[PDB]
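> The structure is given below, and queries will be raised subsequently.
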4 protein chains.
Amino acid sequence: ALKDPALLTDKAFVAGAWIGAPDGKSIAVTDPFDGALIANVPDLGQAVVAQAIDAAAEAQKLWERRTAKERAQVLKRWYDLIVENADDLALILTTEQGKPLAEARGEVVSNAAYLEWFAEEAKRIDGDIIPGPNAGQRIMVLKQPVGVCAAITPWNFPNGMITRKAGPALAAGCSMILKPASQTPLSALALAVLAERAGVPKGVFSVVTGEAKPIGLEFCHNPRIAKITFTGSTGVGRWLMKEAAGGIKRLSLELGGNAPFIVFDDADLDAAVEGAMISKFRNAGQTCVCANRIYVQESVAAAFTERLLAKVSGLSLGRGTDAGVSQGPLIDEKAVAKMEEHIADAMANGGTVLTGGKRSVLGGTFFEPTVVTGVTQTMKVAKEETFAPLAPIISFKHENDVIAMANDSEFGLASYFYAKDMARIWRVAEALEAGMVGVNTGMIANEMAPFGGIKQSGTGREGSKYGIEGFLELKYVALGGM
Amino acid sequence: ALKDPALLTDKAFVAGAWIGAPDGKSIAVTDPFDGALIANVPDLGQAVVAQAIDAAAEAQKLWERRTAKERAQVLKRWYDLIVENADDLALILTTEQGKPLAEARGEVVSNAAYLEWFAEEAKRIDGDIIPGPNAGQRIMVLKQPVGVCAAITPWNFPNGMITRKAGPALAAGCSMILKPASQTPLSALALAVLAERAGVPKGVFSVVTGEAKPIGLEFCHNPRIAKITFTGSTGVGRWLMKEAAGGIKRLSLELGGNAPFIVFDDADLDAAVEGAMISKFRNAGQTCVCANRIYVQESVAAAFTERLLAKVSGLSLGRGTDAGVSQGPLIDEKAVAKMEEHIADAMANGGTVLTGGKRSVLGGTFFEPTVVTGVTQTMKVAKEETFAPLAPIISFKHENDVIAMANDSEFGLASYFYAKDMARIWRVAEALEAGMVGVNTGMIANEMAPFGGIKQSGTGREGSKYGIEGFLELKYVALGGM
Amino acid sequence: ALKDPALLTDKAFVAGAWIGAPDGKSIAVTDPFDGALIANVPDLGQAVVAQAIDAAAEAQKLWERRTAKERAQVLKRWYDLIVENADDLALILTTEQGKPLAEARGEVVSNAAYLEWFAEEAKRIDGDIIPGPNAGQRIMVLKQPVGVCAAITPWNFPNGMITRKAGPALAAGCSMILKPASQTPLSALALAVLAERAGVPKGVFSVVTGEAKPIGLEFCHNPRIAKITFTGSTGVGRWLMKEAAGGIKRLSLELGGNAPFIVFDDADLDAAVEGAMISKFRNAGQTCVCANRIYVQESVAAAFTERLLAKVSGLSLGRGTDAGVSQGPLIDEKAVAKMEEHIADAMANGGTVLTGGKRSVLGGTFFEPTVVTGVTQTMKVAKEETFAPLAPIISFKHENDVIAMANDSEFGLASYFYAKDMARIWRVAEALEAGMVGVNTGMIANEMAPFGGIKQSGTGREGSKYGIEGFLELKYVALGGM
Amino acid sequence: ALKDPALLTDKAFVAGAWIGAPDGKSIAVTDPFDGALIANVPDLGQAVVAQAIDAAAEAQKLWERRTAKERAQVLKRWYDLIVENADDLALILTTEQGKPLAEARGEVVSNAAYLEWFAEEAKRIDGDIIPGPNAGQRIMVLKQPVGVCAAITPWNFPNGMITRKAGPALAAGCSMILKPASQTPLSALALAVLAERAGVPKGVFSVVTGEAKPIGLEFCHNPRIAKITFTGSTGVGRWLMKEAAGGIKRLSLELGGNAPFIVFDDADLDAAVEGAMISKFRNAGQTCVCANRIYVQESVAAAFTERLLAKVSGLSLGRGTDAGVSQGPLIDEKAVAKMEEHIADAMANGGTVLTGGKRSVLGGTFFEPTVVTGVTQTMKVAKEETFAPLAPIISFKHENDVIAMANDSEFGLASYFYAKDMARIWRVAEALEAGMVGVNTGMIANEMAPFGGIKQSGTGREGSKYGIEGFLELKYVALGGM
Ligand SMILES: NC(=O)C1=CN([C@@H]2O[C@H](COP(=O)(O)OP(=O)(O)OC[C@H]3O[C@@H](n4cnc5c(N)ncnc54)[C@H](O)[C@@H]3O)[C@@H](O)[C@H]2O)C=CC1
Ligand SMILES: NC(=O)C1=CN([C@@H]2O[C@H](COP(=O)(O)OP(=O)(O)OC[C@H]3O[C@@H](n4cnc5c(N)ncnc54)[C@H](O)[C@@H]3O)[C@@H](O)[C@H]2O)C=CC1
């Protein structure tokens, strides 16, 4: 039911052309709601990926010579086409990933914003004129594109993560070759159709599908891949960083987080409950910024949990294309197993399930939104990310205790807390060890802000004025003989 | 013969205290000129290094809470003490490394400049106030110290590389634990004496000596080491990056380069010869920015080589503390063997040794400055770094040919060319694939410029306004409930 | 012959509504080619302007509260509408001002670029987070809109000067009330129609026509006018600055210049002649950046003047809407009188008219493009701006002599020189006393560059990242009690 | 009683030499405590000032050619000499102006900080490399010194205002000629002695004394004066801006303010009283940032006024060189008359004097610190600046009412308020119409912050990264022929 059926394609985008696997191999794409088959995308080997990388290298050589105005115009055309076809893209995203159609459309728009922002940033790549060491010399600092970039995106955001990687790379003058997740490769191919329609030159943007490990090896071992941007799990990031060591490749990583959610006694309780609802249960808890631990002060915990239960009662599961549906199915059975393991550990270690705690009657990978009280810091959920709709509530008594507990983790992606006092807000926001802190709000996604984490959560930033730094290399030129 | 004998020490600096190895093990330091023994520094194991890292962590916790003015004042005091004791530091450096005393003093001053610059930068770590997405929210971007940093420095610059790593780390509010090269550990310990005298708090600066591999493993595997800065060979950098993968550690690497030196027919020949003399033969060719290939256009090559031979005839070898001595001994016998191998390959492959080509009559590790004509692109020196005073001269005919030849390498550290036309200068400087380009000058060292390389030559920059970026982490704070 | 006849209007834009003079008074607009009447715009008194300023104040209060995204979207819509209707706008501009239709269209597009650039800049108004003086205090630096801005534009660019004033003002969140030149008020009103169509809120943009002096007095004496941007002659700028003194109003002025054009013996002669043709004879010499003195070295002067005469022979006068017409009529008879006076002074003082030197056979205000050799520094044209198509050629012998002669003026707007040597280019470009220097090019208009002059040529800049600074005020907030 | 008697001088500093008036005319300097004569400084006419301006022009020509490192080193030497001689400078300042010796020393140190900061900024004057419009052109933006600057300083801070004007001017490469207030010219001459001792070249720094109006006329009418920085009253600023109009001179003005002081019901009352004590009664209320109106919410006013009276009881008047003295005499009898007029208007219009209200028993220009309750918005003090130690207390009931009352003034220099809620702090700080806002603190002086006002309080900023912008001019260079 697509207004533009060309946005659904069964071929990979290599050297600006639509190709299939030369051995006929393919990977099926299935709808998570009922397992229905969608299409067979090509399964590309290492040789086709090598040819794609060579094409991307030539295209990058031709693409860095264009003016910043031309590249910005191409990126703006791509953004306009993405916003124009947002309904078809949202339908494809909901079909492949399973999130509610409203969430899919919100993702498409709020992440085409990244393409718009970096189209603006393409014209602001400014060098420097540094004072010289003597009268006979001047100093220029030029910023130049690093080269061919390789992007690896997860199933978590089939469209959202692609724009925030392709935008800065293209704006800087770099070429991109993207390997999307095999579970949800259709959003990438639709964006490739739009990019070709937008005037992106042949080879500058490429989407390759296939077995993840061989393509990652080709990305890590090809000398013509200057930079690799990766979003995904911590283990695959560590594997990539180990494999890219032999070539000294620039690596930008966004890995998992364990986001605390603190509610102080001087907070707005209704605002705190709304923020917890949007931070935890968005994408059915499958978001890298999703809250994973909810800390409440002892004097407020009862009222917070009462309002939270009242709000969780209103959640409705079902198919994403169904009106009134807030929660879609988990990505696969492993997510259900992990969520069950976390709930079982919570129950055994002393916690109490207040709501949910079992698979929903819909069957498949659907799960009831679970609210559990009495969680402690020894529990599995206290140190591990569920990626599923579970709301563990830990109680505290003092600000420094919750600061000690919230930083008791190796992941530094996101954190949230609710308070009114300015001194407390500044103190807690500076003390929390995270890349991003949301104060009195559960929504932090922004193409103008430096999205990214610290510690094991990865390196580099996405969006803002710092998002293009990783794709550029400095060149210090000393002009003598004046 | 030291004005301040306390600048020569036989102990490592751990937790702000002077300690020795608890097992009595030690590493001897010898003078490269005649093998004379200087002192026995401690050989520290992994447990002492672990305790040092813990102390550095506590010190960093206390040191990031100080105001930027206090940290800048401490760094400025350290710079003042370094400049005041420049003669003793230069004598220690010449004794341990072998470079001429004038070069040692120049190194000490021109690299204390880094400490001064980053003392100034400590007070300019500014956040951002980004426009909000709606009236109810504001956006702050804070910059915070990454944590405990570990520095590994080579024998190449026993003092120079330490200031440009300790300055930005301390200015950002990070703590440093440094492992200097075992060949030349005395400059680091002298700087540690001065740092303690300058008011650096206990644990903020640490110097540890011992076997390189166990300390590097401890640096890579300790969770309390947030960042690792390394300067050295490409192989050790690759080993470090592979070993740091399991912890997702921020890695800044300055690795080797293969610097071309181009002389066009529209160049100032006397200036070109002076630039080649300072770029190639400084530190007896043992510099990461030293020229390694000298390209000359066909119509200028004869006059350039005649003037170059006239200038090389004036070079004088001997002990560093001897007046009129321009060249000191190579670091060890491996450097002599590599230089001999390069000369032999040049002779066998068709090249002609015009001057030098053998060890000097002084014996030991001294080598005659060698000028060889007829070098080609298949020669070992054309793709490998000698780190020794050899001047290979390759001839070309056209600008694009020399651009193809100069970029025919995996190392992107430095490059030099001599030309007068503005269009040619801009075109060649933009086409050359290097981190740093010196136009009409063989001297590019500058604490105000972004020192660093591209491709395999490493990641990150030293000095300038970009030198402190690697030691800071961004924190995006979204302040809701307005 | 307008595709959209609503772009031609006979009413002023006040409080977001189209109004006429309440006393029936009006100002006629006539076509400079043959004096044909176009329309009668209102002649507004000081009371109507006062009401307009009050409306602009209320609108600014409502308009600074909108998000930067909304204001950028409005500005981008305005830019899109301007580019879409570029042909009708160009026809109106050619009818009112007289420039060739191709030049009018080029003006419309290349100055809507300013609106696009400042729409991008609207989202990049970033504050600062400065390190505090102690642990108990933080420092924010906010940037806020200055308030209601008043713009005064000349007949020189009926459309070009309006976008580069309205863009930054609206992007910053300021409101604008513009008084265009009485000779060419129709382009401003057409842009007002488009702005209303683009969603600019009522009062944020206002166009008022009438007697210049009373409206300027109202602008200078109204306390609700925070800032005044003026483009025009030096005398009116001095009058405005004297009249705005009593209120301490922020004043940005772009006044006249006396642009030198130097041709060195190492220059590209064909490029120099093309640059002189575009710099001097564009807009029939009626441009603030137009070359006014052409200096040539003694060894190149003959060939330069021969090629220049060959190129001037190809100029064709006539109506702007006529194919092949390069030169339109001067604005009025005063321009013809001034050009005749300059030619007469040149002839009497020793110079020789090589080409032109009299009114063309077309009659009216048309003038033959004049090339005069033998000009000296005592001549009237050497120190005064003709604003008419005369090419005075002064010869020199040395670089320092031409540097002394080119800086022998109180105006610092623009300068041009042609040379190839990098050292000479840097030296002369740094020595020339001008806001803008065009090296080897006669075209410098750019919305990404800081357009503006020094000395008597005015204060402030237009375009680039510095163009929005004048419309914002800093606010240093010190947050204590941490 | 000076450790260095050369810091007290009776001559003006012109062309780097110490001169007297060629007609023997002089101006006496008297101690405000008892009228005791100190020294006779020269009274310089317009011809000597013209010669000084010519010398400053030549010196600026020689001084902009020095490297940024050399100028920064000179400025740092000047700062070091100022801090070393802080006691003699403080004694001179207390003798000439009358403020307590502790305040004089604090002024000397905290304003030599400006010299240090701008010495650091001298090396950070960076140009830009903007992306070109096509492949054949590049764009540089250079920052160059504006030229010769003229500074006019008040008696308010005999030393404080001089460093924050001379630092940025010298760092940018501009020359300064300063005319200090005739009441307190000795601090300027002492700083000139130190500047000569610090290696400031002849003519770069000049101090001229004499009749204010002729020297101001010479500053405004000399074509070689590029920029004028003025600190003082609004009327003299308006006169200067009117007189500088004929030459289109860059004018930076810091004029008077009417600073509100708001205490909300959610504030820390002890902190509010301490902040009011330091903001109001510092320099006996003779400060441009001194609080002038104290607003208190109705529910807190009684306790605030009780604590304020308890703190005002502890103030001690007398000679500045006396231990335990907090308040010195007013500058002259006009200040006493104005303070008496304000107190009389407060008493007549309904207000009640709670403490003080008359001249102290010490006689002369001493005045008792006065606290008056019941002040309204019609009172003279509500719209006029006393510059004397009077604490008018106005009561309010709601936040928007106090926002309306605080902005009910044409002066936008400083404001203070005390609150704890983050939303209230952000809202009020953004709503207040002032250049500087001090939240929960009465101290805002900082060389790293943009000191300056809005509206009639003046234009431009002092300190921070924006303090050097006014002394530099942009130069857009377009390099064609690539
Ligand atoms: N924080 C984040 O952004 C993400 C977190 N996750 C984490 O991952 C778990 C499940 O997701 P996964 O499928 O494991 O994610 P993943 O990290 O394995 O998948 C992300 C991307 O990596 C690629 N990839 C996987 N193995 C690879 C290999 N050996 N070589 C090269 N590329 C390879 C995949 O094709 C995909 O494009 C979740 O429970 C959560 O912990 C899930 C998705 C993204
Ligand atoms: N470009 C540069 O900055 C440098 C280049 N070189 C290269 O290295 C060659 C000889 O120098 P090398 O002694 O090989 O340099 P290197 O890279 O091995 O030594 C640099 C530092 O690395 C440390 N290190 C060495 N092995 C380590 C290990 N396994 N784990 C942890 N740390 C370790 C050393 O203690 C020293 O502090 C030269 O021929 C040249 O190619 C030499 C010195 C520095």
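Residues in the structure tokens are named by chain (A, B, ... in the order shown) and by number from 1 within that chain; ligands are numbered from 1 in the order shown.
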Env of residue 452 in chain D: 8 Å cut, atoms = only C-alpha atoms, seq-sep filter 3 positions within chain, self excluded. Answer as a ChimeraX atom specification.

/D:254,413,435-436,457-462

> Write out the residues from the selection above, keeping C-alpha atoms, as a PDB file, in the first residue's frame.


ATOM      1  CA  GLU D 254      30.401  52.212  28.905  1.00  0.00           C
ATOM      2  CA  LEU D 413      24.120  47.799  32.624  1.00  0.00           C
ATOM      3  CA  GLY D 435      24.152  43.649  29.778  1.00  0.00           C
ATOM      4  CA  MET D 436      25.117  41.689  32.908  1.00  0.00           C
ATOM      5  CA  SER D 457      24.316  52.070  29.015  1.00  0.00           C
ATOM      6  CA  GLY D 458      26.613  51.892  25.995  1.00  0.00           C
ATOM      7  CA  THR D 459      27.979  49.658  23.261  1.00  0.00           C
ATOM      8  CA  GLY D 460      30.757  47.089  23.161  1.00  0.00           C
ATOM      9  CA  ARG D 461      32.175  44.659  25.686  1.00  0.00           C
ATOM     10  CA  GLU D 462      35.228  44.450  27.931  1.00  0.00           C
TER      11      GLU D 462
END

> Write out as a JSON list (two decimals) with C-alpha atoms, in the first residue's frame each polymer residue whose atoms come within 10 Å of residue 217 in chain B, counting only C-alpha atoms; drop sequence neighbours fewer than 2 positions from it.


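Output (selection.json):
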[["chain", "number", "residue", "atom", "x", "y", "z"],
["B", 46, "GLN", "CA", 52.52, -4.11, 36.78],
["B", 212, "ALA", "CA", 57.60, -1.39, 27.91],
["B", 213, "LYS", "CA", 55.23, -4.27, 27.12],
["B", 214, "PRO", "CA", 53.91, -4.98, 30.67],
["B", 215, "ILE", "CA", 53.33, -1.27, 31.34],
["B", 219, "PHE", "CA", 47.68, 0.94, 30.47],
["B", 220, "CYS", "CA", 45.47, -0.82, 27.93],
["B", 221, "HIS", "CA", 43.68, -3.14, 30.39],
["B", 222, "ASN", "CA", 43.14, -0.85, 33.39],
["B", 239, "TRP", "CA", 49.79, -3.26, 19.02],
["B", 240, "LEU", "CA", 48.43, -0.66, 21.44],
["B", 243, "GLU", "CA", 45.24, -4.20, 22.98],
["B", 244, "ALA", "CA", 43.06, -1.20, 23.89]]

> At a cut-off of 10 Å, which residues of chain A touch chain D? Count only C-alpha atoms and give the answer as a VMD selection string.

chain A and resid 65 to 70 122 to 135 139 to 143 419 to 426

> Report as a tab-separated table: every residue of chain B with an atom at most 6 Å from ligand 2, its closest pair of atoms, and their distance in Å to one decimal, counting only C-alpha atoms and all ligand atoms, with rows sorted by chain and ascending residue number.


residue	atom	partner	partner_atom_place_in_ligand_line	distance
B:152	CA	ligand 2	37 (O)	4.8
B:153	CA	ligand 2	37 (O)	4.3
B:154	CA	ligand 2	20 (C)	3.9
B:156	CA	ligand 2	43 (C)	5.2
B:179	CA	ligand 2	37 (O)	5.9
B:180	CA	ligand 2	37 (O)	4.6
B:181	CA	ligand 2	37 (O)	3.6
B:182	CA	ligand 2	35 (O)	5.9
B:212	CA	ligand 2	32 (N)	4.3
B:213	CA	ligand 2	30 (N)	3.4
B:216	CA	ligand 2	31 (C)	3.7
B:231	CA	ligand 2	3 (O)	4.9
B:232	CA	ligand 2	44 (C)	3.4
B:233	CA	ligand 2	17 (O)	3.7
B:236	CA	ligand 2	17 (O)	5.1
B:254	CA	ligand 2	3 (O)	5.9
B:255	CA	ligand 2	1 (N)	4.4
B:256	CA	ligand 2	1 (N)	3.5
B:288	CA	ligand 2	1 (N)	4.3
B:387	CA	ligand 2	39 (O)	5.7

> Using N, CA, C and O atoms, can you export the residues from the last selection as a CSV table (one decimal), in the first residue's frame?


chain,number,residue,atom,x,y,z
B,152,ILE,N,52.8,7.6,26.5
B,152,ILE,CA,54.0,6.8,26.1
B,152,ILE,C,54.8,7.6,25.1
B,152,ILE,O,54.3,8.0,24.1
B,153,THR,N,56.1,7.9,25.5
B,153,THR,CA,56.9,8.7,24.7
B,153,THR,C,58.1,8.0,24.2
B,153,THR,O,58.6,7.0,24.8
B,154,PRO,N,58.7,8.4,23.0
B,154,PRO,CA,59.9,7.7,22.5
B,154,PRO,C,61.2,8.3,23.0
B,154,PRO,O,61.2,9.3,23.7
B,156,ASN,N,63.0,9.6,20.8
B,156,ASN,CA,63.3,10.6,19.8
B,156,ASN,C,63.5,12.0,20.3
B,156,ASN,O,64.4,12.7,20.0
B,179,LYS,N,55.0,6.9,30.7
B,179,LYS,CA,56.1,5.9,30.6
B,179,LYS,C,57.1,6.3,29.6
B,179,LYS,O,56.8,6.1,28.4
B,180,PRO,N,58.2,7.0,29.9
B,180,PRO,CA,59.1,7.4,28.9
B,180,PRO,C,59.9,6.2,28.4
B,180,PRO,O,59.9,5.1,28.9
B,181,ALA,N,60.6,6.5,27.2
B,181,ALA,CA,61.5,5.4,26.6
B,181,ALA,C,62.6,5.0,27.6
B,181,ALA,O,63.1,5.9,28.3
B,182,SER,N,62.9,3.7,27.6
B,182,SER,CA,63.9,3.3,28.5
B,182,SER,C,65.3,3.8,28.1
B,182,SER,O,66.2,3.9,29.0
B,212,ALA,N,58.6,-2.1,28.6
B,212,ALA,CA,57.6,-1.4,27.9
B,212,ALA,C,56.3,-2.2,27.8
B,212,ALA,O,55.2,-1.7,28.0
B,213,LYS,N,56.4,-3.5,27.4
B,213,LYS,CA,55.2,-4.3,27.1
B,213,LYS,C,54.3,-4.5,28.3
B,213,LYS,O,53.1,-4.3,28.2
B,216,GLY,N,52.6,-1.1,29.0
B,216,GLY,CA,51.6,-0.9,28.0
B,216,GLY,C,50.3,-1.7,28.2
B,216,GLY,O,49.2,-1.3,28.0
B,231,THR,N,53.3,8.1,21.2
B,231,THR,CA,54.2,8.6,20.1
B,231,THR,C,55.2,7.5,20.0
B,231,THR,O,55.9,7.1,20.9
B,232,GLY,N,55.5,7.1,18.7
B,232,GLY,CA,56.4,6.0,18.5
B,232,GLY,C,56.3,5.5,17.1
B,232,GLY,O,55.8,6.1,16.2
B,233,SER,N,56.7,4.2,17.0
B,233,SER,CA,56.6,3.5,15.7
B,233,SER,C,55.2,3.0,15.4
B,233,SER,O,54.3,3.0,16.2
B,236,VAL,N,54.2,-0.5,17.2
B,236,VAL,CA,53.8,-0.4,18.6
B,236,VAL,C,52.4,0.3,18.7
B,236,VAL,O,51.6,-0.1,19.5
B,254,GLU,N,50.7,9.3,17.3
B,254,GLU,CA,51.6,10.0,16.4
B,254,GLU,C,52.6,8.9,16.0
B,254,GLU,O,53.5,8.6,16.8
B,255,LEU,N,52.5,8.4,14.7
B,255,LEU,CA,53.4,7.4,14.2
B,255,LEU,C,54.3,7.9,13.2
B,255,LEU,O,54.3,9.1,12.9
B,256,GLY,N,55.1,7.0,12.5
B,256,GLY,CA,56.1,7.5,11.6
B,256,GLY,C,55.6,8.1,10.3
B,256,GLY,O,54.4,7.9,10.0
B,288,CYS,N,60.5,12.6,13.5
B,288,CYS,CA,59.3,12.1,12.8
B,288,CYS,C,59.0,13.0,11.6
B,288,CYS,O,58.3,12.6,10.7
B,387,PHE,N,65.4,7.3,9.3
B,387,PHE,CA,65.7,7.8,10.6
B,387,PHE,C,67.3,8.0,10.7
B,387,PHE,O,67.8,7.7,11.8

> Determine which residues of range 265-400 of chain C receive a DSSP assignment of alpha helix (DSSP H), computed from the backbone, and state them as a VMD selection string.

chain C and resid 269 to 281 301 to 312 333 to 349 380 to 383 399 to 400

> For range 400-409 of chain D, find every residue with an atom within 9 Å (counting only C-alpha atoms), except residues of its own chain fewer than 6 positions away, and show them as a list in words.

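Neighbouring residues, sequence-local ones excluded: residues 258, 259, 260, 261, 262, 293, 295, 296, 297, 377, 382, 383, 384, 415, 428, 431, 432, 433 and 434 of chain D.
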
> So that I can check the surroundings of range 367-374 of chain A, please list as a PyMOL selection string every protein, DNA and RNA residue that reaches within 7 Å of it, counting only C-alpha atoms and ignoring chain neighbours fewer than 6 positions away.

chain A and resi 350-360+389-394

> Write the residues you've just listed into a file as a PDB file, in the first residue's frame, and include N, CA and C atoms for each of them.


ATOM      1  N   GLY A 350      14.411 -10.474  45.313  1.00  0.00           N
ATOM      2  CA  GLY A 350      13.673  -9.728  46.313  1.00  0.00           C
ATOM      3  C   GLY A 350      12.652  -8.750  45.769  1.00  0.00           C
ATOM      4  N   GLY A 351      12.706  -8.476  44.464  1.00  0.00           N
ATOM      5  CA  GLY A 351      11.803  -7.512  43.877  1.00  0.00           C
ATOM      6  C   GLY A 351      10.399  -8.053  43.690  1.00  0.00           C
ATOM      7  N   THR A 352       9.466  -7.131  43.464  1.00  0.00           N
ATOM      8  CA  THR A 352       8.054  -7.452  43.309  1.00  0.00           C
ATOM      9  C   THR A 352       7.556  -6.887  41.988  1.00  0.00           C
ATOM     10  N   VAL A 353       6.973  -7.746  41.157  1.00  0.00           N
ATOM     11  CA  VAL A 353       6.365  -7.314  39.902  1.00  0.00           C
ATOM     12  C   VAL A 353       5.021  -6.672  40.232  1.00  0.00           C
ATOM     13  N   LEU A 354       4.902  -5.368  39.982  1.00  0.00           N
ATOM     14  CA  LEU A 354       3.651  -4.659  40.224  1.00  0.00           C
ATOM     15  C   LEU A 354       2.696  -4.739  39.046  1.00  0.00           C
ATOM     16  N   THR A 355       3.217  -4.760  37.823  1.00  0.00           N
ATOM     17  CA  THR A 355       2.361  -4.882  36.652  1.00  0.00           C
ATOM     18  C   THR A 355       3.100  -5.648  35.569  1.00  0.00           C
ATOM     19  N   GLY A 356       2.347  -6.419  34.787  1.00  0.00           N
ATOM     20  CA  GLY A 356       2.949  -7.186  33.708  1.00  0.00           C
ATOM     21  C   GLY A 356       3.733  -8.373  34.236  1.00  0.00           C
ATOM     22  N   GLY A 357       4.865  -8.646  33.599  1.00  0.00           N
ATOM     23  CA  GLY A 357       5.730  -9.732  34.004  1.00  0.00           C
ATOM     24  C   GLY A 357       5.631 -10.994  33.180  1.00  0.00           C
ATOM     25  N   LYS A 358       4.920 -10.966  32.056  1.00  0.00           N
ATOM     26  CA  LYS A 358       4.753 -12.148  31.224  1.00  0.00           C
ATOM     27  C   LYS A 358       4.442 -11.704  29.802  1.00  0.00           C
ATOM     28  N   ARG A 359       4.562 -12.649  28.871  1.00  0.00           N
ATOM     29  CA  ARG A 359       4.210 -12.384  27.483  1.00  0.00           C
ATOM     30  C   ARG A 359       2.725 -12.071  27.362  1.00  0.00           C
ATOM     31  N   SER A 360       2.392 -11.172  26.441  1.00  0.00           N
ATOM     32  CA  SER A 360       1.002 -10.798  26.242  1.00  0.00           C
ATOM     33  C   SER A 360       0.247 -11.900  25.502  1.00  0.00           C
ATOM     34  N   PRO A 389      10.413  -3.550  27.452  1.00  0.00           N
ATOM     35  CA  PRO A 389       9.628  -2.629  28.307  1.00  0.00           C
ATOM     36  C   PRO A 389       9.458  -3.072  29.759  1.00  0.00           C
ATOM     37  N   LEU A 390      10.525  -2.912  30.540  1.00  0.00           N
ATOM     38  CA  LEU A 390      10.507  -3.205  31.968  1.00  0.00           C
ATOM     39  C   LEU A 390      10.927  -1.959  32.734  1.00  0.00           C
ATOM     40  N   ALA A 391      10.173  -1.617  33.780  1.00  0.00           N
ATOM     41  CA  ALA A 391      10.419  -0.417  34.576  1.00  0.00           C
ATOM     42  C   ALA A 391      10.875  -0.800  35.978  1.00  0.00           C
ATOM     43  N   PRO A 392      12.166  -1.058  36.189  1.00  0.00           N
ATOM     44  CA  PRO A 392      12.647  -1.372  37.541  1.00  0.00           C
ATOM     45  C   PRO A 392      12.784  -0.111  38.384  1.00  0.00           C
ATOM     46  N   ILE A 393      12.221  -0.158  39.587  1.00  0.00           N
ATOM     47  CA  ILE A 393      12.178   0.978  40.497  1.00  0.00           C
ATOM     48  C   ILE A 393      13.076   0.675  41.687  1.00  0.00           C
ATOM     49  N   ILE A 394      14.153   1.443  41.812  1.00  0.00           N
ATOM     50  CA  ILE A 394      15.059   1.398  42.951  1.00  0.00           C
ATOM     51  C   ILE A 394      14.815   2.650  43.778  1.00  0.00           C
TER      52      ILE A 394
END

> Run DSSP on the backbone of this structure and report the residues of range 127-258 of chain A it assigns to strand (DSSP E), as number ranges by chain.

A: 127-130, 138-145, 148-152, 175-179, 205-207, 225-231, 250-254

> How many Å lie between CA of residue 210 in chain B and CA of residue 44 in chain B, rounded to one decimal?

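Separation between CA of residue 210 in chain B and CA of residue 44 in chain B: 4.8 Å.
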
> When you draw a straight line from CA of residue 19 in chain A to CA of residue 45 in chain A, how long is it in Å?

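Between CA of residue 19 in chain A and CA of residue 45 in chain A the gap is 12.6 Å.
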